[PDB]
Amino acid sequence: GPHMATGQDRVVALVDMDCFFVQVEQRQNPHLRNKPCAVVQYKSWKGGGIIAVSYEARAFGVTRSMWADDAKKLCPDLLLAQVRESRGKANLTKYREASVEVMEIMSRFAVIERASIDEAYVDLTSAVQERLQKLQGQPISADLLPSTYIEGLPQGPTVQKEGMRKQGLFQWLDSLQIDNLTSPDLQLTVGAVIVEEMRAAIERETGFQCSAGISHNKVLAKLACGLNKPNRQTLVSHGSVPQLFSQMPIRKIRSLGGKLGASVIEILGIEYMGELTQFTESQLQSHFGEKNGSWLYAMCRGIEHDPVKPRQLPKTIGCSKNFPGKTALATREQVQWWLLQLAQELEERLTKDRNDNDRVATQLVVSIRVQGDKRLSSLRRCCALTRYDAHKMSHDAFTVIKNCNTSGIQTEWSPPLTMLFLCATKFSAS
DNA sequence: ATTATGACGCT
DNA sequence: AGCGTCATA
Ligand SMILES: [Ca+2]
Ligand SMILES: [Mg+2]
Ligand SMILES: [Mg+2]
């Protein structure tokens with residue numbers, strides 16, 4: 001009843017760049033613009049592995065993780081841009097720097113949480129209050145929401161896409177109560193107006209387009225964002241949740257795409273998020289633990305409390321390289337050469353980070369994989385990170401791992417290593 | 001032989 | 001601490 005919380009206390013958005021690495025390359029090389037194209041890393045093995053795909057290329061069935069040689073079978077005219085290689089390895093600097101461009105623009109509108117290289121959550125609650133004041137009871141024009149979809153509309157008593165969008169938008173705005181400064185639906189709508197503005201600024205100042213979700217929490221915002229891509233934004237209201245979830249596979253919700261989601265489906269014998277409402281909170285906690293159970297009980301009702309954390313910078317800086325199949329490292333000289341290559345890239349990024357962001361990493365984590373282990377990581381050991389010096393870091397990394405060498409011979413390494421990873425962590429102010 | 005990342009949970 | 005899960009380009 002009147003004491004039942006409804007998770008409508010915040011306005012949260014999730015902004016996510018469209019085919020991000022592709023846009024970065026298309027900005028740089030106008031010949032790639034408005035083409036089926038993809039970004040690939042390496043080239044020798046099957047033409048390289050695809051890591052990003054333009055929407056034009058997606059239409060041919062080209063996807064992430066496809067080998068370029070195979071993508072070309074689906075899309076013969078597919079254009080490719082290659083990730084830079086430095087020190088024998090893929091170097092992602094260009095995309096990290098482009099990400100900083102976008103994050104800095106977003107930060108002008110609101111506090112953001114960097115969620116990945118190309119997405120951020122935004123807490124718009126305060127910005128919406130402010131805007132509502134300027135608005136002075138004044139209605140919101142559809143003109144202010146030129147790329148917004150309202151999930152669930154139109155409904156009730158045209159055959160084109162933009163026409164449908166506008167019909168739904170009209171129904172939404174027609175039903176809005178603008179004299180109520182605490183109406184959650186109104187708050188969301190003003191949130192969407194601001195996100196249009198944010199998205200316009202990103203595109204004007206970088207050339208990059210993005211999509212966005214606006215709702216009352218991060219999970220719904222994230223879900224909303226993916227509903228209409230590319231170059232569009234979607235508002236998911238509290239009221240839209242029961243219908244939206246009634247046919248929403250559990251795996252589509254953030255954090256349920258893996259083993260836990262599979263267990264929810266298996267144990268409960270359900271398929272869709274909305275089906276969760278029929279279980280008590282204790283029932284869910286009994287299956288999935290106290291934390292997950294409470295989370296599931298609220299989430300299937302559209303409610304979630306995880307805050308947008310004030311964090312624009314990554315918490316770790318790492319460098320890693322796989323050495324698959326035949327290329328596995330089998331000599332000490334090999335292992336040491338590559339630890340050095342990694343350590344040199346890490347030093348470069350750490351030094352730039354110290355200058356830009358006034359902080360220093362204090363721990364170095366070293367991880368490897370050995371030929372034969374199904375797990376991505378085989379062994380992870382940390383040591384002190386006291387100086388930004390590549391030779392020192394690589395010498396230290398070798399020290400902490402050198403006893404993983406089964407080989408009775410000093411010069412030989414066995415079993416061969418199929419992955420090396422150096423990660424700087426535990427930052428302190430400087 | 002997707003690879004190169006990055007955040008957070010468990011014990 | 002070291003390991004596991006889930007996620008994104
Ligand atoms: Ca994206
Ligand atoms: Mg993304
Ligand atoms: Mg993606």
Side-chain angles (χ1 to χ4, degrees), chain A residues 14 16-25 38-54 63-71 81-86 88-96 98-99 102 113-121 208 218-219 222 225-226 251-263 288-292 295 306 309 311 313-328 342 345-346 349 363 365-369 371 373-383 400 418-426:
Chain A
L14 182 278
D16 178 80
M17 309 309 294
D18 299 330
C19 52
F20 184 53
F21 289 12
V22 171
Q23 290 202 83
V24 174
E25 297 297 332
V39 173
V40 298
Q41 41 187 25
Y42 306 119
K43 210 81 175 70
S44 297
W45 186 267
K46 299 178 177 188
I50 292 179
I51 60 166
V53 188
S54 81
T63 69
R64 169 167 300 132
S65 92
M66 193 164 278
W67 296 115
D69 287 350
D70 297 331
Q82 290 180 257
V83 176
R84 165 192 175 186
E85 278 175 59
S86 298
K89 66 177 296 295
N91 188 303
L92 303 172
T93 301
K94 187 194 305 182
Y95 314 106
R96 291 192 184 98
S99 174
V102 171
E113 176 181 344
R114 182 200 202 266
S116 75
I117 195 159
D118 89 319
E119 72 205 84
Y121 292 96
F208 302 144
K218 297 164 76 173
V219 169
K222 173 59 173 173
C225 181
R251 67 179 176 272
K252 304 297 184 180
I253 280 66
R254 207 238 283 137
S255 84
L256 298 180
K259 290 177 180 169
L260 177 61
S263 68
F288 313 108
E290 184 184 327
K291 190 171 163 185
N292 288 331
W295 187 85
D306 188 37
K309 295 161 188 55
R311 186 191 73 253
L313 302 173
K315 290 193 176 189
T316 59
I317 297 186
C319 300
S320 70
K321 189 173 176 45
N322 293 347
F323 302 95
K326 201 163 170 293
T327 76
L342 283 182
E345 182 188 326
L346 190 50
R349 288 163 56 193
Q363 190 165 88
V365 175
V366 186
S367 176
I368 68 180
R369 191 186 179 184
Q371 200 172 63
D373 188 341
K374 179 189 176 302
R375 298 169 304 161
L376 275 57
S377 164
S378 293
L379 170 148
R380 201 240 58 171
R381 299 291 202 253
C382 70
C383 65
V400 309
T418 54
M419 183 274 290
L420 293 179
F421 177 52
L422 296 180
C423 188
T425 68
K426 293 186 184 295

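First the proteins, then the strands, lettered A, B, ... as listed; each starts at 1.
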Could you check whether any side-chain heavy atom of A:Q23 comes within less than 4.5 Å of a side-chain heavy atom of A:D18, counting everything from C-beta outward?
yes
Hey, is A:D306 close enough to A:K218 for a salt bridge, meaning N to O under 4.0 Å?
yes
N-O pairing of A:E85 and A:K89 below 4.0 Å
no
Closest to the A:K291 side chain: B:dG9, B:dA4, B:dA1?
B:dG9
Under the salt bridge (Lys or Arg N to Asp or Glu O under 4.0 Å) criterion, do A:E119 and A:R114 qualify, and how do the steps go?
CA-CA 6 Å; A:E119 72 205 84; A:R114 182 200 202 266; over 6 Å; no
Between atom CG in A:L260 and atom P in C:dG4, what is the gap in whole Å?
18 Å
Would you say A:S367's side chain and A:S377's backbone share a donor-acceptor pair under 3.5 angstrom?
no
Is the phosphate of B:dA1, meaning OP1 or OP2, less than 4.0 Å from a side-chain N or O of A:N322?
no
What nucleotide, of B:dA7, C:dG2, B:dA1, holds the atom closest to the side chain of A:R381?
C:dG2
Among C:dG4, C:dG2, C:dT8, which nucleotide sits nearest the side chain of A:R375?
C:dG4
Greater than 12 external heavy atoms within 6.0 Å of A:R254's CZ:
yes
Please verify the inter-ring angle class for A:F20 with A:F208; under 30° counts as parallel, over 60° as perpendicular, anything in between as tilted.
perpendicular
For A:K89, answer base if it contacts any base atom (sugar-phosphate contacts may also be present), sugar-phosphate if it contacts only those atoms, and nothing otherwise; contact means non-hydrogen atoms under 4.0 Å.
sugar-phosphate
Distance check needed: C:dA7 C1' versus A:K252 NZ, whole Å only.
15 Å
Rounded to whole angstroms, how far apart are CG on A:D306 and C1' on B:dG9?
13 Å
Atom pair distance, as rounded to whole Å: CD in A:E113 and P in B:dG6
16 Å
Using a cut-off of 4.0 Å on non-hydrogen atoms, how would the nucleic acid contact of A:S65 be classed: base, sugar-phosphate, or nothing?
base
Select one nucleotide: of B:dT5, C:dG2, B:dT3, the one nearest the side-chain heavy atoms of A:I51.
B:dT3
A:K222 has its side chain closest, among B:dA1, B:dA7, C:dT8, to C:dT8
Selection from B:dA4, C:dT8, B:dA1 that lies nearest to any side-chain heavy atom of A:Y42
B:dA4
With the side chain of A:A90 defined as its heavy atoms from C-beta on, choose the nearest nucleotide among C:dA9, B:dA4, C:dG2.
B:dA4
For a quick check of understanding: with a heavy-atom distance under 4.0 Å over all strands, which category does A:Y95 fall into, base, sugar-phosphate or nothing?
nothing
Within less than 4.0 Å of OP1 or OP2 of C:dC6, is there a side-chain N or O belonging to A:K259?
no
4.5 Å side-chain heavy-atom contact, A:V39 and A:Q82
no
Could you please name the option among C:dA1, B:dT5, B:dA1 that lies closest to any side-chain atom of A:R380?
C:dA1
Touch check for A:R64, heavy atoms < 4.0 angstrom, all strands: base, sugar-phosphate only, or nothing?
base
Answer with base, sugar-phosphate or nothing: what part of the nucleic acid does A:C423 contact at a heavy-atom distance below 4.0 Å?
nothing
Are OP1 or OP2 of B:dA7 and a side-chain N or O of A:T316 less than 4.0 angstrom apart?
yes
Rounding to a whole Å, what distance do you find between A:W45:CH2 and B:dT3:P?
10 Å
Under 4.0 Å between any heavy atoms, over every strand shown, what does A:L376 touch: base, sugar-phosphate, or nothing? Just pick one.
nothing
When we call it a touch if two heavy atoms are under 4.0 Å apart, what does A:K309 touch: a base, just sugar-phosphate, or nothing?
sugar-phosphate
side-chain N/O A:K321 vs B:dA4 OP1/OP2, d < 4.0 Å
yes
Roughly how many Å is it from CE in A:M419 to P in B:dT5, rounded to a whole number?
12 Å
Look at A:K46 and B:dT2 and indicate whether a side-chain polar atom (N or O) is within less than 4.0 Å of OP1 or OP2.
no
Rounded P spacing from B:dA1 to C:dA9 in Å
25 Å
Measuring to OP1 and OP2 of B:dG6, would you say a side-chain N or O of A:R349 lies under 4.0 angstrom away?
yes
Distance, rounded to the nearest Å, where A:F208 contributes CZ and C:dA9 contributes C1'
13 Å
For DNA chain B, whose closest nucleotide is more 5', that of A:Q41 or that of A:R114?
A:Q41
Report the distance from atom CH2 of A:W295 to atom P of B:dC10, rounded to the nearest whole Å.
13 Å
A:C382 side-chain proximity, nearest of C:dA1, B:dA1, B:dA7
C:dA1
Think A:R311 has a side-chain N or O under 4.0 angstrom from the OP1 or OP2 of B:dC8?
yes
Looking only at B:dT3, B:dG6, C:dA1, the nucleotide nearest the A:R96 side chain is B:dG6
Which part of the nucleic acid does A:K326 contact within heavy-atom distance under 4.0 Å: base, sugar-phosphate only, or nothing?
nothing
